[PDB]
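**Q** Next comes the structure file work.cif, holding mmCIF, C-alpha atoms.
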data_start
loop_
_atom_site.label_atom_id
_atom_site.label_comp_id
_atom_site.auth_asym_id
_atom_site.auth_seq_id
_atom_site.Cartn_x
_atom_site.Cartn_y
_atom_site.Cartn_z
CA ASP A 1 -25.96 -50.69 -10.17
CA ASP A 2 -26.86 -48.80 -6.99
CA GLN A 3 -23.36 -47.28 -6.79
CA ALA A 4 -22.76 -47.36 -10.56
CA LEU A 5 -24.72 -44.14 -11.11
CA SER A 6 -22.98 -42.42 -8.19
CA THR A 7 -19.52 -42.96 -9.68
CA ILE A 8 -20.55 -41.45 -13.03
CA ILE A 9 -22.03 -38.39 -11.32
CA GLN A 10 -18.90 -38.00 -9.19
CA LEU A 11 -16.70 -38.20 -12.29
CA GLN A 12 -18.86 -35.59 -14.02
CA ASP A 13 -18.61 -33.26 -11.03
CA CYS A 14 -14.83 -33.77 -10.90
CA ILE A 15 -14.44 -33.05 -14.62
CA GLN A 16 -16.43 -29.81 -14.38
CA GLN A 17 -14.38 -28.86 -11.31
CA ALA A 18 -11.11 -29.51 -13.16
CA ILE A 19 -12.23 -27.64 -16.30
CA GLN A 20 -13.35 -24.66 -14.19
CA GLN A 21 -9.75 -24.11 -13.10
CA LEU A 22 -6.86 -23.96 -15.56
CA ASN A 23 -6.14 -27.67 -15.03
CA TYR A 24 -6.38 -29.44 -18.38
CA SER A 25 -4.28 -32.63 -18.23
CA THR A 26 -6.26 -33.80 -15.20
CA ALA A 27 -9.43 -32.94 -17.11
CA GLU A 28 -8.00 -34.96 -20.01
CA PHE A 29 -7.47 -38.04 -17.84
CA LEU A 30 -10.85 -37.77 -16.15
CA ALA A 31 -12.64 -37.37 -19.49
CA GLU A 32 -10.80 -40.36 -20.98
CA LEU A 33 -11.66 -42.51 -17.95
CA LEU A 34 -15.33 -41.46 -17.93
CA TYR A 35 -15.65 -42.01 -21.69
CA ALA A 36 -14.13 -45.48 -21.33
CA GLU A 37 -16.38 -46.31 -18.37
CA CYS A 38 -19.56 -45.21 -20.16
CA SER A 39 -18.88 -47.69 -22.99
CA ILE A 40 -20.99 -50.42 -21.38
CA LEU A 41 -23.98 -48.09 -21.13
CA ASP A 42 -26.26 -48.03 -24.15
CA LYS A 43 -26.17 -45.19 -26.66
CA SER A 44 -29.71 -44.13 -25.69
CA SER A 45 -28.52 -43.18 -22.19
CA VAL A 46 -27.89 -39.47 -21.65
CA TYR A 47 -24.75 -40.37 -19.70
CA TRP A 48 -22.99 -41.69 -22.81
CA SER A 49 -23.70 -38.49 -24.76
CA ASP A 50 -22.63 -36.34 -21.81
CA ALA A 51 -19.36 -38.25 -21.44
CA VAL A 52 -18.67 -38.04 -25.18
CA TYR A 53 -19.28 -34.28 -25.12
CA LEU A 54 -17.02 -33.83 -22.09
CA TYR A 55 -14.26 -35.92 -23.70
CA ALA A 56 -14.51 -33.98 -26.97
CA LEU A 57 -14.36 -30.68 -25.08
CA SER A 58 -11.29 -31.83 -23.14
CA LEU A 59 -9.60 -32.92 -26.37
CA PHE A 60 -10.37 -29.53 -27.95
CA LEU A 61 -8.95 -27.62 -24.98
CA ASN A 62 -5.66 -29.56 -25.06
CA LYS A 63 -4.86 -28.36 -28.63
CA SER A 64 -5.29 -31.94 -29.96
CA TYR A 65 -7.80 -30.72 -32.52
CA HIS A 66 -7.68 -33.78 -34.79
CA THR A 67 -8.74 -36.26 -32.10
CA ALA A 68 -11.46 -33.90 -30.85
CA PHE A 69 -12.76 -33.48 -34.40
CA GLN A 70 -12.92 -37.25 -34.94
CA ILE A 71 -14.59 -37.88 -31.58
CA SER A 72 -17.19 -35.18 -32.19
CA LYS A 73 -17.79 -36.46 -35.75
CA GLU A 74 -18.55 -39.97 -34.45
CA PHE A 75 -21.66 -38.77 -32.54
CA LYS A 76 -22.22 -35.22 -33.78
CA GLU A 77 -26.00 -35.62 -34.02
CA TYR A 78 -26.60 -36.87 -30.47
CA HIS A 79 -25.75 -33.72 -28.50
CA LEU A 80 -25.60 -29.97 -29.08
CA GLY A 81 -22.19 -29.48 -27.45
CA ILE A 82 -20.69 -32.20 -29.63
CA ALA A 83 -21.90 -30.24 -32.66
CA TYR A 84 -20.34 -27.10 -31.18
CA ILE A 85 -16.99 -28.85 -30.76
CA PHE A 86 -17.17 -30.31 -34.28
CA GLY A 87 -17.92 -26.87 -35.74
CA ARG A 88 -15.07 -25.24 -33.83
CA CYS A 89 -12.68 -27.98 -34.96
CA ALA A 90 -13.82 -27.50 -38.56
CA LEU A 91 -13.17 -23.77 -38.24
CA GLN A 92 -9.70 -24.46 -36.85
CA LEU A 93 -8.81 -27.02 -39.55
CA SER A 94 -11.13 -26.30 -42.56
CA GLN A 95 -12.01 -30.01 -42.90
CA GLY A 96 -15.56 -31.32 -43.28
CA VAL A 97 -17.22 -27.90 -42.97
CA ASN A 98 -20.24 -29.07 -45.01
CA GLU A 99 -21.19 -31.61 -42.36
CA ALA A 100 -20.97 -28.77 -39.83
CA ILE A 101 -23.39 -26.62 -41.82
CA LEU A 102 -25.88 -29.46 -42.36
CA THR A 103 -25.79 -30.22 -38.62
CA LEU A 104 -25.79 -26.69 -37.21
CA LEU A 105 -28.55 -25.44 -39.52
CA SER A 106 -30.80 -28.29 -38.38
CA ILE A 107 -29.96 -27.80 -34.70
CA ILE A 108 -30.59 -24.03 -34.77
CA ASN A 109 -33.75 -24.26 -36.90
CA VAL A 110 -35.31 -26.90 -34.65
CA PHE A 111 -34.47 -24.95 -31.49
CA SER A 112 -36.08 -21.75 -32.81
CA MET A 113 -32.15 -36.13 -29.09
CA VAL A 114 -30.51 -34.03 -26.35
CA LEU A 115 -30.46 -30.24 -26.68
CA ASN A 116 -30.24 -28.62 -23.23
CA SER A 117 -27.87 -29.66 -20.45
CA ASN A 118 -26.33 -28.24 -17.28
CA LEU A 119 -22.69 -29.01 -18.16
CA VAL A 120 -19.95 -26.42 -18.66
CA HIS A 121 -19.54 -24.61 -22.00
CA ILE A 122 -23.00 -25.61 -23.23
CA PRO A 123 -23.71 -23.21 -26.12
CA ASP A 124 -26.48 -20.65 -26.20
CA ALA B 1 -21.31 4.61 -12.18
CA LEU B 2 -20.58 1.13 -10.81
CA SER B 3 -23.66 -0.70 -12.12
CA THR B 4 -22.37 -0.44 -15.69
CA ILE B 5 -18.95 -1.89 -14.84
CA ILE B 6 -20.56 -4.66 -12.77
CA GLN B 7 -22.86 -5.51 -15.69
CA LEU B 8 -19.97 -5.56 -18.17
CA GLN B 9 -17.87 -7.69 -15.83
CA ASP B 10 -20.78 -10.15 -15.60
CA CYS B 11 -20.96 -10.11 -19.40
CA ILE B 12 -17.26 -11.00 -19.50
CA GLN B 13 -17.89 -13.84 -17.06
CA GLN B 14 -20.64 -15.18 -19.33
CA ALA B 15 -18.57 -14.71 -22.51
CA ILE B 16 -15.45 -16.44 -21.21
CA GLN B 17 -17.67 -19.16 -19.74
CA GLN B 18 -19.05 -19.75 -23.25
CA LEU B 19 -15.55 -20.66 -24.52
CA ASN B 20 -15.57 -17.45 -26.58
CA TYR B 21 -12.10 -15.92 -26.87
CA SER B 22 -11.20 -12.52 -28.38
CA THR B 23 -14.74 -11.51 -27.39
CA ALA B 24 -13.51 -10.98 -23.83
CA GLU B 25 -10.44 -9.19 -25.23
CA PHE B 26 -12.19 -5.91 -26.03
CA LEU B 27 -14.41 -5.94 -22.94
CA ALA B 28 -11.42 -6.67 -20.68
CA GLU B 29 -9.60 -3.79 -22.39
CA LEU B 30 -12.61 -1.55 -21.71
CA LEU B 31 -12.84 -2.49 -18.04
CA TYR B 32 -9.09 -1.99 -17.59
CA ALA B 33 -9.22 1.47 -19.16
CA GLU B 34 -12.35 2.47 -17.23
CA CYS B 35 -11.12 1.26 -13.84
CA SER B 36 -7.54 2.51 -14.18
CA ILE B 37 -8.72 6.08 -13.56
CA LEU B 38 -11.27 5.69 -10.75
CA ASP B 39 -8.84 4.04 -8.31
CA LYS B 40 -5.57 2.13 -8.04
CA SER B 41 -6.27 0.16 -4.83
CA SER B 42 -10.02 -0.58 -4.85
CA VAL B 43 -11.38 -4.11 -5.13
CA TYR B 44 -12.82 -3.32 -8.56
CA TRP B 45 -9.36 -2.27 -9.77
CA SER B 46 -7.78 -5.59 -8.73
CA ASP B 47 -10.75 -7.48 -10.19
CA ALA B 48 -10.38 -5.63 -13.49
CA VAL B 49 -6.63 -6.30 -13.58
CA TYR B 50 -7.21 -10.01 -12.96
CA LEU B 51 -9.89 -10.26 -15.66
CA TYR B 52 -7.68 -8.39 -18.12
CA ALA B 53 -4.76 -10.71 -17.37
CA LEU B 54 -6.92 -13.82 -17.84
CA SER B 55 -8.31 -12.54 -21.15
CA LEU B 56 -4.83 -11.77 -22.48
CA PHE B 57 -3.47 -15.12 -21.24
CA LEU B 58 -6.27 -17.20 -22.78
CA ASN B 59 -6.00 -15.51 -26.21
CA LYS B 60 -2.40 -16.51 -27.04
CA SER B 61 -1.01 -13.16 -25.84
CA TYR B 62 1.56 -14.02 -23.17
CA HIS B 63 4.27 -11.37 -23.57
CA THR B 64 1.76 -8.67 -22.53
CA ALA B 65 -0.17 -10.49 -19.79
CA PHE B 66 3.24 -11.40 -18.32
CA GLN B 67 4.10 -7.81 -17.42
CA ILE B 68 0.45 -6.86 -16.77
CA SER B 69 0.26 -9.49 -14.04
CA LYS B 70 3.84 -8.72 -12.94
CA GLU B 71 3.02 -5.11 -12.03
CA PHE B 72 0.08 -6.02 -9.73
CA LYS B 73 0.78 -9.64 -8.79
CA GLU B 74 0.85 -8.84 -5.05
CA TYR B 75 -2.72 -7.46 -4.96
CA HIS B 76 -4.86 -10.47 -5.92
CA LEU B 77 -4.17 -14.20 -5.82
CA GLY B 78 -5.67 -14.74 -9.27
CA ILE B 79 -3.28 -12.20 -10.79
CA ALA B 80 -0.39 -14.12 -9.23
CA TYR B 81 -1.80 -17.39 -10.61
CA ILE B 82 -2.05 -15.93 -14.12
CA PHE B 83 1.46 -14.50 -13.76
CA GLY B 84 2.86 -17.87 -12.71
CA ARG B 85 1.20 -19.76 -15.55
CA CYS B 86 2.45 -17.19 -18.06
CA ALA B 87 5.93 -17.46 -16.53
CA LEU B 88 5.82 -21.21 -17.10
CA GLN B 89 4.63 -20.66 -20.67
CA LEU B 90 7.30 -18.07 -21.53
CA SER B 91 10.07 -19.51 -19.30
CA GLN B 92 10.81 -16.10 -17.78
CA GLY B 93 10.56 -14.44 -14.37
CA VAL B 94 10.17 -17.62 -12.35
CA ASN B 95 11.73 -16.35 -9.09
CA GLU B 96 9.28 -13.50 -8.48
CA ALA B 97 6.35 -15.85 -9.15
CA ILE B 98 7.84 -18.32 -6.66
CA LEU B 99 8.14 -15.60 -4.03
CA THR B 100 4.59 -14.33 -4.59
CA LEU B 101 3.01 -17.76 -4.41
CA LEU B 102 5.10 -18.77 -1.39
CA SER B 103 3.84 -15.65 0.37
CA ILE B 104 0.27 -16.51 -0.66
CA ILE B 105 0.61 -20.05 0.73
CA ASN B 106 2.12 -18.67 3.94
CA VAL B 107 -0.92 -16.41 4.41
CA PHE B 108 -3.14 -19.50 4.33
CA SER B 109 -0.68 -21.24 6.66
CA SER B 110 -0.51 -18.32 9.10
CA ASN B 111 -3.44 -17.70 11.43
CA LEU B 112 -8.69 -13.86 -1.10
CA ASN B 113 -12.36 -14.88 -1.07
CA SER B 114 -13.16 -13.64 -4.59
CA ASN B 115 -15.46 -16.08 -6.40
CA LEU B 116 -14.62 -15.00 -9.95
CA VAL B 117 -14.44 -17.46 -12.83
CA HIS B 118 -11.39 -19.72 -13.31
CA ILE B 119 -10.04 -18.73 -9.87
CA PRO B 120 -8.04 -21.68 -8.49
CA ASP B 121 -8.77 -23.01 -5.02
#
So that I can check it, write out the structure of this file as structure tokens.
**A**
Amino acid sequence: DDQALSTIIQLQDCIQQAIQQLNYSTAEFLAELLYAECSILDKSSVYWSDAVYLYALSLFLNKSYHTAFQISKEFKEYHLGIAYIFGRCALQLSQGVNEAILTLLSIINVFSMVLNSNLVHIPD
Amino acid sequence: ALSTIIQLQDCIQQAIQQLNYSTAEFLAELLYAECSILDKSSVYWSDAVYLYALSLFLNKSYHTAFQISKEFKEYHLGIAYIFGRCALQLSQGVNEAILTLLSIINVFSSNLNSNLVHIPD
């Protein structure tokens, strides 16, 4: 448990580093591994939501829109970036747009769960 | 009038960082047009060329960014990186990219510091 948190933080730093450069397959593998590792952690933990968002973002970047859309749809309410990825996937595919409106309207109206984070590509 | 171009280049950094594409297209076009006239060898010129090449490459426009990076690949490492990735994508002009990156690696080997976004280490 003492080193368990350190590994997750190191994976997060590595995934942001990989996404910063135009290296996407490595980002894919790191996001898959982190998402698999965070499975034991409870859903209430911020780490699970962060890993799910990172995995969904990596899936979106690698043109595999269907998998990203499904992954974001599983936990669209938990995080803001997951809602962003779900909305972008809906725009790219025109599937399930109504869920995107009912989620995005609530998230924007409340702003003006987890809403703010330091990760990459967090929407404003 | 450098404060305006610095501000717009920072806006491009923020826009591309927000995963917003075709927003950086027009602003990269504007910086390229503005900085083409002031100089052809200043640091801002190379920076503008690199940002323009990245914006064209990330918005599914390879057959233009290819030549855009090809003309000024020897000036900035990021331009050479964009040129090489576009060469891989379009399967054209591999030898010049090889020569440019081999020269870049040799400069590190022999006894460049721009911190712009998406610049590979």
**Q** Define the interface residues of chain A facing chain B as those within 6 Å, counting all atoms listed in the file, and report them as a PyMOL selection string.
**A** chain A and resi 20-21+121
**Q** What are the closest atom pairs, with distances in Å to one decimal, for all residues of range 25-85 of chain B lying within 10 Å of range 3-7 of chain B? Consider only C-alpha atoms, order rows by chain and residue number, and present the result as a tab-separated table.
**A**
residue	atom	partner	partner_atom	distance
B:30	CA	B:5	CA	9.4
B:31	CA	B:5	CA	6.9
B:34	CA	B:5	CA	8.3
B:35	CA	B:5	CA	8.5
B:44	CA	B:5	CA	8.9
B:48	CA	B:5	CA	9.4
**Q** Got a sec: who's within 10 Å of residue 43 in chain B, counting all atoms listed in the file, leaving out chain neighbours fewer than 4 positions off, as a VMD selection string?
**A** chain B and resid 39 47 to 49 75 to 76 114
**Q** Which is closer to residue 70 in chain B than all the others in B:95, B:111, B:55, B:103, using all atoms listed in the file?
**A** B:95
**Q** Report as a PyMOL selection string the residues that result from applying the PyMOL selection byres ((chain A and resi 53-68) around 7) to the structure here.
**A** chain A and resi 24+27-28+31-32+35+49-52+69-72+81-82+85+89
**Q** Quick one: of B:53, B:94, B:101, B:88, who's nearest to residue 74 in chain B, counting only C-alpha atoms?
**A**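 Of B:53, B:94, B:101, B:88, the one nearest residue 74 in chain B is B:101, counting only C-alpha atoms.
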**Q** Starting from the sparse input, extend range 51-76 of chain A to N, CA, C and O atoms and give the output as a PDB file, in the coordinates of the input.
**A**
ATOM      1  N   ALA A  51     -20.765 -37.887 -21.518  1.00  0.00           N
ATOM      2  CA  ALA A  51     -19.360 -38.250 -21.440  1.00  0.00           C
ATOM      3  C   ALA A  51     -18.638 -37.995 -22.757  1.00  0.00           C
ATOM      4  O   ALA A  51     -17.493 -37.531 -22.765  1.00  0.00           O
ATOM      5  N   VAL A  52     -19.289 -38.301 -23.883  1.00  0.00           N
ATOM      6  CA  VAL A  52     -18.670 -38.040 -25.180  1.00  0.00           C
ATOM      7  C   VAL A  52     -18.446 -36.551 -25.377  1.00  0.00           C
ATOM      8  O   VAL A  52     -17.388 -36.125 -25.856  1.00  0.00           O
ATOM      9  N   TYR A  53     -19.433 -35.731 -25.002  1.00  0.00           N
ATOM     10  CA  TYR A  53     -19.280 -34.280 -25.120  1.00  0.00           C
ATOM     11  C   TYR A  53     -18.145 -33.777 -24.240  1.00  0.00           C
ATOM     12  O   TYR A  53     -17.337 -32.945 -24.671  1.00  0.00           O
ATOM     13  N   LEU A  54     -18.078 -34.259 -22.999  1.00  0.00           N
ATOM     14  CA  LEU A  54     -17.020 -33.830 -22.090  1.00  0.00           C
ATOM     15  C   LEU A  54     -15.647 -34.233 -22.619  1.00  0.00           C
ATOM     16  O   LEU A  54     -14.697 -33.441 -22.567  1.00  0.00           O
ATOM     17  N   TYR A  55     -15.529 -35.457 -23.139  1.00  0.00           N
ATOM     18  CA  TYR A  55     -14.260 -35.920 -23.700  1.00  0.00           C
ATOM     19  C   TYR A  55     -13.859 -35.089 -24.908  1.00  0.00           C
ATOM     20  O   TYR A  55     -12.688 -34.716 -25.051  1.00  0.00           O
ATOM     21  N   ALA A  56     -14.815 -34.792 -25.794  1.00  0.00           N
ATOM     22  CA  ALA A  56     -14.510 -33.980 -26.970  1.00  0.00           C
ATOM     23  C   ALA A  56     -14.076 -32.578 -26.563  1.00  0.00           C
ATOM     24  O   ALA A  56     -13.143 -32.015 -27.148  1.00  0.00           O
ATOM     25  N   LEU A  57     -14.742 -32.000 -25.560  1.00  0.00           N
ATOM     26  CA  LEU A  57     -14.360 -30.680 -25.080  1.00  0.00           C
ATOM     27  C   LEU A  57     -12.949 -30.699 -24.502  1.00  0.00           C
ATOM     28  O   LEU A  57     -12.142 -29.803 -24.778  1.00  0.00           O
ATOM     29  N   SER A  58     -12.627 -31.732 -23.720  1.00  0.00           N
ATOM     30  CA  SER A  58     -11.290 -31.830 -23.140  1.00  0.00           C
ATOM     31  C   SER A  58     -10.236 -31.983 -24.225  1.00  0.00           C
ATOM     32  O   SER A  58      -9.144 -31.409 -24.128  1.00  0.00           O
ATOM     33  N   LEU A  59     -10.539 -32.764 -25.263  1.00  0.00           N
ATOM     34  CA  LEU A  59      -9.600 -32.920 -26.370  1.00  0.00           C
ATOM     35  C   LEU A  59      -9.406 -31.596 -27.106  1.00  0.00           C
ATOM     36  O   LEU A  59      -8.284 -31.259 -27.501  1.00  0.00           O
ATOM     37  N   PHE A  60     -10.490 -30.840 -27.303  1.00  0.00           N
ATOM     38  CA  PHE A  60     -10.370 -29.530 -27.950  1.00  0.00           C
ATOM     39  C   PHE A  60      -9.517 -28.576 -27.127  1.00  0.00           C
ATOM     40  O   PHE A  60      -8.695 -27.839 -27.683  1.00  0.00           O
ATOM     41  N   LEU A  61      -9.687 -28.576 -25.804  1.00  0.00           N
ATOM     42  CA  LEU A  61      -8.950 -27.620 -24.980  1.00  0.00           C
ATOM     43  C   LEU A  61      -7.453 -27.913 -24.972  1.00  0.00           C
ATOM     44  O   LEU A  61      -6.647 -26.989 -24.811  1.00  0.00           O
ATOM     45  N   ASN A  62      -7.060 -29.175 -25.137  1.00  0.00           N
ATOM     46  CA  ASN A  62      -5.660 -29.560 -25.060  1.00  0.00           C
ATOM     47  C   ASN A  62      -4.934 -29.452 -26.396  1.00  0.00           C
ATOM     48  O   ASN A  62      -3.907 -30.114 -26.585  1.00  0.00           O
ATOM     49  N   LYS A  63      -5.453 -28.652 -27.329  1.00  0.00           N
ATOM     50  CA  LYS A  63      -4.860 -28.360 -28.630  1.00  0.00           C
ATOM     51  C   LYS A  63      -4.821 -29.567 -29.564  1.00  0.00           C
ATOM     52  O   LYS A  63      -4.403 -29.421 -30.719  1.00  0.00           O
ATOM     53  N   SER A  64      -5.243 -30.748 -29.113  1.00  0.00           N
ATOM     54  CA  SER A  64      -5.290 -31.940 -29.960  1.00  0.00           C
ATOM     55  C   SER A  64      -6.573 -31.907 -30.788  1.00  0.00           C
ATOM     56  O   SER A  64      -7.523 -32.661 -30.569  1.00  0.00           O
ATOM     57  N   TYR A  65      -6.586 -30.992 -31.761  1.00  0.00           N
ATOM     58  CA  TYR A  65      -7.800 -30.720 -32.520  1.00  0.00           C
ATOM     59  C   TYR A  65      -8.247 -31.907 -33.357  1.00  0.00           C
ATOM     60  O   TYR A  65      -9.451 -32.103 -33.547  1.00  0.00           O
ATOM     61  N   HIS A  66      -7.307 -32.689 -33.891  1.00  0.00           N
ATOM     62  CA  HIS A  66      -7.680 -33.780 -34.790  1.00  0.00           C
ATOM     63  C   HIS A  66      -8.500 -34.835 -34.058  1.00  0.00           C
ATOM     64  O   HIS A  66      -9.548 -35.284 -34.547  1.00  0.00           O
ATOM     65  N   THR A  67      -8.034 -35.244 -32.875  1.00  0.00           N
ATOM     66  CA  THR A  67      -8.740 -36.260 -32.100  1.00  0.00           C
ATOM     67  C   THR A  67     -10.108 -35.749 -31.662  1.00  0.00           C
ATOM     68  O   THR A  67     -11.098 -36.490 -31.705  1.00  0.00           O
ATOM     69  N   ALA A  68     -10.178 -34.486 -31.230  1.00  0.00           N
ATOM     70  CA  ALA A  68     -11.460 -33.900 -30.850  1.00  0.00           C
ATOM     71  C   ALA A  68     -12.416 -33.876 -32.034  1.00  0.00           C
ATOM     72  O   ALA A  68     -13.607 -34.167 -31.882  1.00  0.00           O
ATOM     73  N   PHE A  69     -11.914 -33.514 -33.217  1.00  0.00           N
ATOM     74  CA  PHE A  69     -12.760 -33.480 -34.400  1.00  0.00           C
ATOM     75  C   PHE A  69     -13.304 -34.867 -34.724  1.00  0.00           C
ATOM     76  O   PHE A  69     -14.495 -35.017 -35.016  1.00  0.00           O
ATOM     77  N   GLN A  70     -12.452 -35.892 -34.658  1.00  0.00           N
ATOM     78  CA  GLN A  70     -12.920 -37.250 -34.940  1.00  0.00           C
ATOM     79  C   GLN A  70     -13.958 -37.690 -33.922  1.00  0.00           C
ATOM     80  O   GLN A  70     -15.015 -38.232 -34.281  1.00  0.00           O
ATOM     81  N   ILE A  71     -13.677 -37.457 -32.637  1.00  0.00           N
ATOM     82  CA  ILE A  71     -14.590 -37.880 -31.580  1.00  0.00           C
ATOM     83  C   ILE A  71     -15.933 -37.171 -31.721  1.00  0.00           C
ATOM     84  O   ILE A  71     -16.991 -37.773 -31.523  1.00  0.00           O
ATOM     85  N   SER A  72     -15.919 -35.873 -31.998  1.00  0.00           N
ATOM     86  CA  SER A  72     -17.190 -35.180 -32.190  1.00  0.00           C
ATOM     87  C   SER A  72     -17.917 -35.686 -33.431  1.00  0.00           C
ATOM     88  O   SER A  72     -19.141 -35.856 -33.411  1.00  0.00           O
ATOM     89  N   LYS A  73     -17.182 -35.938 -34.523  1.00  0.00           N
ATOM     90  CA  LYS A  73     -17.790 -36.460 -35.750  1.00  0.00           C
ATOM     91  C   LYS A  73     -18.426 -37.833 -35.570  1.00  0.00           C
ATOM     92  O   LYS A  73     -19.378 -38.161 -36.289  1.00  0.00           O
ATOM     93  N   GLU A  74     -17.932 -38.654 -34.638  1.00  0.00           N
ATOM     94  CA  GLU A  74     -18.550 -39.970 -34.450  1.00  0.00           C
ATOM     95  C   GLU A  74     -20.010 -39.847 -34.023  1.00  0.00           C
ATOM     96  O   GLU A  74     -20.870 -40.586 -34.517  1.00  0.00           O
ATOM     97  N   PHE A  75     -20.317 -38.924 -33.111  1.00  0.00           N
ATOM     98  CA  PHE A  75     -21.660 -38.770 -32.540  1.00  0.00           C
ATOM     99  C   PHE A  75     -22.083 -37.306 -32.551  1.00  0.00           C
ATOM    100  O   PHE A  75     -22.549 -36.761 -31.548  1.00  0.00           O
ATOM    101  N   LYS A  76     -21.920 -36.644 -33.700  1.00  0.00           N
ATOM    102  CA  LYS A  76     -22.220 -35.220 -33.780  1.00  0.00           C
ATOM    103  C   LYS A  76     -23.706 -34.934 -33.620  1.00  0.00           C
ATOM    104  O   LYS A  76     -24.080 -33.869 -33.115  1.00  0.00           O
TER     105      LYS A  76
END
